[PDB]
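K.L.:
Just the structure for this:
(chains A and B)
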Amino acid sequence: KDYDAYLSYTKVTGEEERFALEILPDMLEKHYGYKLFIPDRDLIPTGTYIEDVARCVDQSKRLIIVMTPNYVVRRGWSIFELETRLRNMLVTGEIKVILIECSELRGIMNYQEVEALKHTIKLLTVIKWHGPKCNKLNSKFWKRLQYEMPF
Amino acid sequence: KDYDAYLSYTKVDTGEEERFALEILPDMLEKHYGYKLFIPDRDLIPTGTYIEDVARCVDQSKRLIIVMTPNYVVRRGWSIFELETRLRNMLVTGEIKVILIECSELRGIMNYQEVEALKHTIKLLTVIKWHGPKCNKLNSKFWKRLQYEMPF
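P.N.:
Residues are numbered from 1 along each chain as shown, chains lettered A, B, ... in the order given. Sure, the structure comes next:
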């Protein structure tokens, strides 16, 4: 409805950081022309924060999870499992999720936890980001992401 | 059934709230009060069934203890309970009582709000504020309150 995609990332290394905070958003908005909802730019944390996130996600055509190392450590995806309506949206397939992997999941628990997150998402697509080489304009990474986005 | 409480905590890679969470809290409940706890770092071996094992171990406990230190808040140590369908149900439908021990002074609109939401997902809930090391002294108002919230 309102946005092409809701960007979900954590910001507290180096390449992964520049990718999630700059390259990814710039490519999507300035190169492809998508309209993103970026919390750090568009969301005012207030007393209805949890409700505002659920609403804004519902108003997005896609939910993008940028799984960088810090995102795994801080479990930046927790809110999507915490908020009842969001979790149901995920399980029911009301939300199409694009999970971009930017970290080799080191650790039994992290791996199984992430596996469990994926299993709660019906309309999920995972895209691997191998590194800076994937940043080059028109790379297989970008072609795949473009395909997964709306329009 | 099998345990009096499942201890949910987080541990970094300093020694005040983490001292309590890892050392004092467990020793006091087991040595002094004689409770039987399920402590992951001691009784849980992570495998391909880790998620289901936690669900099963929690279900085998009379209480879920969440030790909310700043690290637990930063790492969102409570996530697995909202992620695993069965665990989340236990909390929402009240199949298990949760004793949430607030060690940190939760600051930041987002963390505060996420914690508020976490609490709203728990039907059977009790919160105990751990002001500081002073609450660690034998038979203090803190220990009296905790024992009361425990089984037996």
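K.L.:
what comes up buried for stretch A:79-96?
P.N.:
Neighbour-count burial for stretch A:79-96, counted by 16 or more other CB atoms under 10 Å in any protein chain shown, picks out A:79, A:80, A:81, A:82, A:83, A:84, A:86, A:87, A:89, A:90, A:95, A:96. (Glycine included, C-beta is placed from N, CA and C.)
K.L.:
So the third one versus chain B, what's the distance?
P.N.:
When CB to the nearest CB, to the nearest Å is the yardstick, residue A:81 and chain B sit 4 Å from each other.
K.L.:
Likewise for residue A:85?
P.N.:
When residue A:85 is compared with chain B (using CB to the nearest CB), they lie 11 Å apart.
K.L.:
Secondary structure class of the residue positioned nearest the centre of chain A, three-state.
P.N.:
Centroid check for chain A by CA atoms, centre = their mean gives residue A:65 as the closest residue, at 1.7 Å. Classification of residue A:65 by DSSP: H, G, I helix; E, B strand; the rest coil places it in strand.
K.L.:
coming back round to it: of the buried residues of stretch A:79-96, closest to residue A:107?
P.N.:
The nearest member of the buried residues of stretch A:79-96 to residue A:107, counting by CB to CB, is residue A:81 at 18.9 Å.
K.L.:
Next to chain B, which bits of chain A? Give me the list.
P.N.:
A:45-47, A:49-50, A:73-75, A:77-79, A:81-84, A:87, A:108-109, A:112-113, A:115-117, A:120 (CB under 8 Å from any CB of the partner chain).
K.L.:
Can you turn the buried part of these into a ChimeraX selection?
P.N.:
Buried residues among these (16+ other CB under 10 Å), as a ChimeraX selection:
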select /A:45,49,50,74,75,77,78,79,81,82,83,84,87,109,112,113,116,117,120
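K.L.:
Which residue ranges of chain A form strands?
P.N.:
A:5-8, A:36-37, A:63-67, A:97-101, A:124-128 (DSSP state E).
K.L.:
Can you tell me how far the residue sitting furthest away from the middle of chain A is from residue B:116?
P.N.:
Most distant residue from the mean C-alpha position of chain A: residue A:47, 23.6 Å away (CA atoms, centre = their mean). According to CB to CB, to the nearest Å, residue A:47 stands 9 Å off from residue B:116.
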